[PDB]
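Content type mmCIF, C-alpha atoms and all ligand atoms, from the file run15.cif:
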data_final
loop_
_atom_site.group_PDB
_atom_site.id
_atom_site.type_symbol
_atom_site.label_atom_id
_atom_site.label_comp_id
_atom_site.auth_asym_id
_atom_site.auth_seq_id
_atom_site.Cartn_x
_atom_site.Cartn_y
_atom_site.Cartn_z
ATOM 1 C CA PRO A 3 27.610 -2.970 49.438
ATOM 2 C CA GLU A 4 29.874 -1.389 52.098
ATOM 3 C CA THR A 5 28.005 1.575 53.418
ATOM 4 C CA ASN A 6 30.203 3.246 55.963
ATOM 5 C CA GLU A 7 28.019 6.277 56.036
ATOM 6 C CA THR A 8 24.315 6.927 56.310
ATOM 7 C CA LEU A 9 22.243 10.055 56.875
ATOM 8 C CA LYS A 10 22.131 9.522 60.664
ATOM 9 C CA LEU A 11 25.025 7.076 61.174
ATOM 10 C CA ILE A 12 28.769 7.081 60.489
ATOM 11 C CA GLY A 13 31.131 4.114 60.402
ATOM 12 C CA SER A 14 34.137 4.036 62.693
ATOM 13 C CA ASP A 15 36.225 3.087 59.696
ATOM 14 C CA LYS A 16 35.092 6.384 58.133
ATOM 15 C CA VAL A 17 35.635 8.440 61.276
ATOM 16 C CA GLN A 18 39.154 6.963 61.416
ATOM 17 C CA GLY A 19 41.466 8.946 59.191
ATOM 18 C CA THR A 20 39.145 11.935 58.789
ATOM 19 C CA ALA A 21 40.926 15.245 58.635
ATOM 20 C CA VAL A 22 40.450 17.631 61.542
ATOM 21 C CA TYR A 23 40.792 21.382 60.912
ATOM 22 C CA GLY A 24 41.008 24.205 63.392
ATOM 23 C CA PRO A 25 38.922 27.405 63.517
ATOM 24 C CA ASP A 26 41.184 28.992 60.903
ATOM 25 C CA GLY A 27 40.701 26.111 58.527
ATOM 26 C CA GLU A 28 44.275 24.833 58.826
ATOM 27 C CA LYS A 29 44.635 21.010 59.140
ATOM 28 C CA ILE A 30 45.809 20.001 62.624
ATOM 29 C CA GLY A 31 45.776 16.268 62.083
ATOM 30 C CA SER A 32 43.205 13.537 61.927
ATOM 31 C CA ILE A 33 41.045 11.229 64.022
ATOM 32 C CA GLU A 34 42.981 8.095 64.951
ATOM 33 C CA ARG A 35 40.209 6.294 66.823
ATOM 34 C CA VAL A 36 37.204 6.793 69.026
ATOM 35 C CA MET A 37 37.312 5.334 72.536
ATOM 36 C CA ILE A 38 33.990 3.570 73.181
ATOM 37 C CA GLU A 39 32.619 2.743 76.645
ATOM 38 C CA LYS A 40 32.701 -1.064 76.851
ATOM 39 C CA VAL A 41 29.430 -1.199 78.783
ATOM 40 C CA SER A 42 27.162 1.380 77.169
ATOM 41 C CA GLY A 43 28.645 1.420 73.661
ATOM 42 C CA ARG A 44 28.749 5.230 73.754
ATOM 43 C CA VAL A 45 31.758 7.146 72.448
ATOM 44 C CA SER A 46 33.623 8.647 75.329
ATOM 45 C CA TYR A 47 35.994 10.754 73.216
ATOM 46 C CA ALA A 48 37.672 10.854 69.813
ATOM 47 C CA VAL A 49 41.438 10.727 69.596
ATOM 48 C CA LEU A 50 42.922 13.536 67.566
ATOM 49 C CA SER A 51 46.383 12.549 66.358
ATOM 50 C CA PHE A 52 48.787 15.371 65.381
ATOM 51 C CA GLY A 53 52.492 15.795 64.757
ATOM 52 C CA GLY A 54 54.525 13.009 63.222
ATOM 53 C CA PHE A 55 52.550 10.145 61.809
ATOM 54 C CA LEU A 56 49.545 8.208 63.055
ATOM 55 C CA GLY A 57 50.979 5.593 65.362
ATOM 56 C CA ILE A 58 54.492 6.988 65.253
ATOM 57 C CA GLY A 59 55.771 10.115 66.905
ATOM 58 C CA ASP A 60 52.339 11.669 67.087
ATOM 59 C CA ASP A 61 50.706 13.446 70.000
ATOM 60 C CA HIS A 62 47.127 13.047 71.077
ATOM 61 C CA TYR A 63 44.385 15.423 71.912
ATOM 62 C CA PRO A 64 41.056 13.963 73.146
ATOM 63 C CA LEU A 65 37.846 15.518 71.856
ATOM 64 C CA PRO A 66 34.307 15.062 73.135
ATOM 65 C CA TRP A 67 32.150 13.602 70.386
ATOM 66 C CA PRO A 68 29.954 16.694 70.122
ATOM 67 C CA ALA A 69 33.059 18.869 69.402
ATOM 68 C CA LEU A 70 33.523 17.170 66.028
ATOM 69 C CA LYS A 71 31.641 19.332 63.494
ATOM 70 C CA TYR A 72 31.942 17.924 59.983
ATOM 71 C CA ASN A 73 32.705 20.784 57.576
ATOM 72 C CA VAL A 74 31.558 19.909 54.045
ATOM 73 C CA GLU A 75 33.621 22.725 52.531
ATOM 74 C CA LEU A 76 36.850 21.504 54.132
ATOM 75 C CA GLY A 77 35.965 17.815 53.822
ATOM 76 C CA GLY A 78 36.653 16.978 57.465
ATOM 77 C CA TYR A 79 35.890 17.822 61.043
ATOM 78 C CA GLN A 80 36.429 21.315 62.313
ATOM 79 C CA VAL A 81 36.962 21.838 65.987
ATOM 80 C CA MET A 82 37.347 24.688 68.463
ATOM 81 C CA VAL A 83 40.913 24.110 69.626
ATOM 82 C CA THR A 84 43.696 26.658 69.832
ATOM 83 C CA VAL A 85 47.427 26.266 69.333
ATOM 84 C CA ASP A 86 48.015 26.866 73.040
ATOM 85 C CA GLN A 87 45.553 24.052 73.849
ATOM 86 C CA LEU A 88 47.259 21.625 71.528
ATOM 87 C CA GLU A 89 50.610 22.603 73.047
ATOM 88 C CA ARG A 90 49.289 21.525 76.406
ATOM 89 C CA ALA A 91 47.936 18.143 75.247
ATOM 90 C CA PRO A 92 48.042 15.564 78.116
ATOM 91 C CA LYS A 93 51.152 13.361 78.206
ATOM 92 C CA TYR A 94 49.053 10.482 79.532
ATOM 93 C CA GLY A 95 45.444 9.575 78.720
ATOM 94 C CA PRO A 96 42.532 11.608 80.170
ATOM 95 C CA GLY A 97 41.775 8.833 82.705
ATOM 96 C CA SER A 98 44.928 9.644 84.638
ATOM 97 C CA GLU A 99 45.469 11.742 87.781
ATOM 98 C CA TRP A 100 48.397 13.611 86.217
ATOM 99 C CA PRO B 3 52.039 5.537 74.036
ATOM 100 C CA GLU B 4 49.633 3.918 71.608
ATOM 101 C CA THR B 5 46.856 2.419 73.768
ATOM 102 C CA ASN B 6 43.600 1.304 72.269
ATOM 103 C CA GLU B 7 42.058 -0.349 75.301
ATOM 104 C CA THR B 8 41.618 0.446 78.965
ATOM 105 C CA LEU B 9 39.574 -1.231 81.650
ATOM 106 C CA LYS B 10 36.458 0.719 80.704
ATOM 107 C CA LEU B 11 37.078 1.774 77.044
ATOM 108 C CA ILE B 12 37.833 -0.021 73.797
ATOM 109 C CA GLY B 13 39.147 1.768 70.709
ATOM 110 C CA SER B 14 37.148 1.546 67.473
ATOM 111 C CA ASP B 15 40.395 0.494 65.809
ATOM 112 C CA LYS B 16 40.671 -2.511 68.084
ATOM 113 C CA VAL B 17 36.964 -3.461 67.842
ATOM 114 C CA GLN B 18 37.475 -3.503 64.069
ATOM 115 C CA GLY B 19 38.956 -6.829 63.029
ATOM 116 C CA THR B 20 38.000 -8.554 66.301
ATOM 117 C CA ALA B 21 36.912 -12.170 65.772
ATOM 118 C CA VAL B 22 33.289 -13.081 66.410
ATOM 119 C CA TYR B 23 32.411 -16.560 67.702
ATOM 120 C CA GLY B 24 29.002 -18.239 68.036
ATOM 121 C CA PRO B 25 27.520 -20.065 71.044
ATOM 122 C CA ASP B 26 29.599 -23.217 70.228
ATOM 123 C CA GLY B 27 32.934 -21.391 70.122
ATOM 124 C CA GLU B 28 33.383 -21.572 66.367
ATOM 125 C CA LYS B 29 34.461 -18.471 64.441
ATOM 126 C CA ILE B 30 31.657 -16.860 62.331
ATOM 127 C CA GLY B 31 33.438 -13.768 61.129
ATOM 128 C CA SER B 32 34.821 -10.505 62.498
ATOM 129 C CA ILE B 33 33.653 -6.954 63.224
ATOM 130 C CA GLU B 34 34.119 -4.800 60.153
ATOM 131 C CA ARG B 35 33.131 -1.469 61.671
ATOM 132 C CA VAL B 36 30.686 -0.033 64.111
ATOM 133 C CA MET B 37 28.040 2.499 63.069
ATOM 134 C CA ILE B 38 27.807 5.447 65.409
ATOM 135 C CA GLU B 39 24.806 7.805 65.717
ATOM 136 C CA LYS B 40 26.070 11.103 64.353
ATOM 137 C CA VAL B 41 24.228 13.189 66.903
ATOM 138 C CA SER B 42 24.560 11.123 70.078
ATOM 139 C CA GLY B 43 27.909 9.387 69.738
ATOM 140 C CA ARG B 44 26.203 6.081 70.689
ATOM 141 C CA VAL B 45 27.078 2.955 68.705
ATOM 142 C CA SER B 46 23.944 1.930 66.871
ATOM 143 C CA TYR B 47 25.159 -1.531 65.841
ATOM 144 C CA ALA B 48 28.386 -3.246 64.921
ATOM 145 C CA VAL B 49 28.751 -4.817 61.496
ATOM 146 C CA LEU B 50 29.564 -8.546 61.561
ATOM 147 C CA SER B 51 31.219 -9.482 58.231
ATOM 148 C CA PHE B 52 30.941 -13.192 57.469
ATOM 149 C CA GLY B 53 31.519 -15.415 54.451
ATOM 150 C CA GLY B 54 33.765 -14.443 51.517
ATOM 151 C CA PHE B 55 36.328 -11.786 52.454
ATOM 152 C CA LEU B 56 36.301 -8.678 54.631
ATOM 153 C CA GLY B 57 34.449 -6.141 52.481
ATOM 154 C CA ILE B 58 34.595 -8.232 49.313
ATOM 155 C CA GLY B 59 31.999 -10.966 48.753
ATOM 156 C CA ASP B 60 31.120 -10.868 52.446
ATOM 157 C CA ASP B 61 27.670 -10.768 54.034
ATOM 158 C CA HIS B 62 26.663 -8.513 56.871
ATOM 159 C CA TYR B 63 24.893 -8.985 60.104
ATOM 160 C CA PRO B 64 24.044 -6.091 62.455
ATOM 161 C CA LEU B 65 24.801 -6.772 66.122
ATOM 162 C CA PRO B 66 23.537 -4.353 68.791
ATOM 163 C CA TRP B 67 26.337 -3.342 71.078
ATOM 164 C CA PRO B 68 25.127 -5.204 74.229
ATOM 165 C CA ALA B 69 25.003 -8.361 72.059
ATOM 166 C CA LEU B 70 28.806 -8.377 71.975
ATOM 167 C CA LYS B 71 30.316 -10.269 74.893
ATOM 168 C CA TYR B 72 34.083 -10.385 74.945
ATOM 169 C CA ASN B 73 35.336 -13.953 75.583
ATOM 170 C CA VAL B 74 38.904 -14.001 76.898
ATOM 171 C CA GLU B 75 39.297 -17.742 76.278
ATOM 172 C CA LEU B 76 38.232 -17.568 72.623
ATOM 173 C CA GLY B 77 39.934 -14.204 72.099
ATOM 174 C CA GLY B 78 36.977 -12.386 70.504
ATOM 175 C CA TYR B 79 33.345 -11.488 70.842
ATOM 176 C CA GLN B 80 30.947 -14.315 71.498
ATOM 177 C CA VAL B 81 27.431 -13.722 70.280
ATOM 178 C CA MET B 82 24.169 -15.624 70.363
ATOM 179 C CA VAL B 83 23.325 -16.077 66.712
ATOM 180 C CA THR B 84 22.379 -19.294 64.969
ATOM 181 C CA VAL B 85 23.202 -20.335 61.427
ATOM 182 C CA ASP B 86 19.588 -19.945 60.411
ATOM 183 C CA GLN B 87 19.654 -16.295 61.610
ATOM 184 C CA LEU B 88 22.873 -15.589 59.738
ATOM 185 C CA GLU B 89 21.241 -17.016 56.646
ATOM 186 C CA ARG B 90 18.392 -14.490 56.826
ATOM 187 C CA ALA B 91 20.745 -11.536 57.196
ATOM 188 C CA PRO B 92 19.198 -8.350 55.655
HETATM 189 ZN ZN ZN C 201 29.977 12.552 56.000
HETATM 190 ZN ZN ZN C 202 48.534 8.038 67.913
HETATM 191 ZN ZN ZN C 203 39.767 -6.476 75.568
HETATM 192 ZN ZN ZN C 204 31.650 -5.992 54.482
#
Could you quickly redo this structure as structure tokens?
Amino acid sequence: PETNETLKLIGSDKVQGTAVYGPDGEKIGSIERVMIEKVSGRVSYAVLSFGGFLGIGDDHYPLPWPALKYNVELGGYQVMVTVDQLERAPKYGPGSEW
Amino acid sequence: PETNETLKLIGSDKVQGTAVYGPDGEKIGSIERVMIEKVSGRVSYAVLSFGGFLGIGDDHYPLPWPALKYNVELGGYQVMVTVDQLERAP
């Protein structure tokens, strides 16, 4: 009796660890977490982890929730992100002046 | 550079496993996951796992997001549910 997915709803423990593919269908990495607004409970952005391992030596690319299209064929999210964009991932979180 | 909490945002991976306490400050269970609306990105409810073990033998209680008040002293969410409510969990 653990449903972690419904027709309209998805569990954060299911989102976490889901493969993320680029336009070309190559795996870039996976979703490490979603960052949820403490007040409203709405997802601000999803954290795409890539390079190295989740939690160690990875980089992070933040994705708006709506950018995460689940591709049945690939069994994961597929996003519009290019190599150049990934290369220029922010060194600090999005909420930072730099 | 692994941060899972800021002033305004909490990471789903930190919310998961967070202790849940009742009005009297006694631990009921913990948050097992939140369920997010696929189309809006809004958290529909968080799943409170209580009794047995996380995922195995446990019971579930759905807590709307505003129902979760973080309590620094207790170190977890404090929620207003009674034992009789928990007993009639769907
Ligand atoms: Zn799915
Ligand atoms: Zn990471
Ligand atoms: Zn906190
Ligand atoms: Zn459970």
Set out as CSV a contact list for chain A and ligand ZN 204 (chain C) with a cut-off of 9 Å, giving each residue of chain A that qualifies its closest atom pair and distance in Å to one decimal, counting all atoms listed in the file, ordered by chain and rising residue number.
residue,atom,partner,partner_atom,distance
A:3,CA,C:ZN204,ZN,7.1
A:4,CA,C:ZN204,ZN,5.5
A:5,CA,C:ZN204,ZN,8.5
Give me, as CSV, each residue of chain B that comes within 6 Å of chain A, together with its shortest interatomic pair and the distance in Å at one decimal, counting all atoms listed in the file, with rows ordered by chain and rising residue number.
residue,atom,partner,partner_atom,distance
B:10,CA,A:40,CA,5.7
B:11,CA,A:39,CA,4.6
B:12,CA,A:38,CA,5.3
B:13,CA,A:37,CA,4.4
B:14,CA,A:36,CA,5.5
B:15,CA,A:35,CA,5.9
B:35,CA,A:14,CA,5.7
B:36,CA,A:14,CA,5.5
B:37,CA,A:13,CA,4.4
B:38,CA,A:12,CA,5.3
B:39,CA,A:11,CA,4.6
B:40,CA,A:11,CA,5.2
B:43,CA,A:45,CA,5.2
B:44,CA,A:44,CA,4.1
B:45,CA,A:43,CA,5.4
B:67,CA,A:43,CA,5.9
Practice prompt. Can you give me, as a PyMOL selection string, the residues this file yields under the PyMOL selection byres (((chain B and resi 33) around 9) and not hetatm)?
Written response: chain B and resi 17-22+31-32+34-36+48-52+79
Please write the residues picked by the PyMOL selection byres (((not hetatm)) within 8 of (chain C and resi 203)) on this file as a CSV table (one decimal) with C-alpha atoms, in the coordinates of the input.
chain,number,residue,atom,x,y,z
B,7,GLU,CA,42.1,-0.3,75.3
B,8,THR,CA,41.6,0.4,79.0
B,12,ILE,CA,37.8,0.0,73.8
B,72,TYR,CA,34.1,-10.4,74.9
B,74,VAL,CA,38.9,-14.0,76.9
Expansion of the PyMOL selection byres (((chain B and resi 25) around 9) and not hetatm) into residues, as a PyMOL selection string: chain B and resi 23-24+26-28+80-84
TODO: Mind checking which residues fall within 12 Å of residue 26 in chain A, counting only C-alpha atoms, ignoring those fewer than 5 positions away in the same chain, and posting them as number ranges by chain?
DONE: A: 76, 80-85
Practice task
State, in Å with one decimal place, the distance from CA of residue 77 in chain B to CA of residue 61 in chain B.
Solution key: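 Between CA of residue 77 in chain B and CA of residue 61 in chain B the gap works out to 22.1 Å.
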In terms of the shortest atom-to-atom distance over only C-alpha atoms, which of A:73, A:87, A:51, A:98 is closest to residue 27 in chain A?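 Under the stated criterion, the closest residue is A:73.
Note that the spacing between CA of residue 85 in chain B and CA of residue 58 in chain B amounts to 20.6 Å.
Closest approach to ligand ZN 202 (chain C) from the set A:92, A:24, A:77, A:53 is made by A:53, with distances taken over only C-alpha atoms and all ligand atoms.
When only C-alpha atoms are used to measure the gap to residue 88 in chain A, the shortest distance among A:23, A:63, A:55, A:100 belongs to A:63.
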_Point-to-point distance in Å for CA of residue 89 in chain A and CA of residue 64 in chain A_ =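 Rounded to one decimal, the two atoms are 12.9 Å apart.
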Minimum-distance residue to ligand ZN 201 (chain C), chosen among A:78, A:28, A:96, A:86 (using only C-alpha atoms and all ligand atoms):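 Closest to ligand ZN 201 (chain C) of all the choices is A:78.
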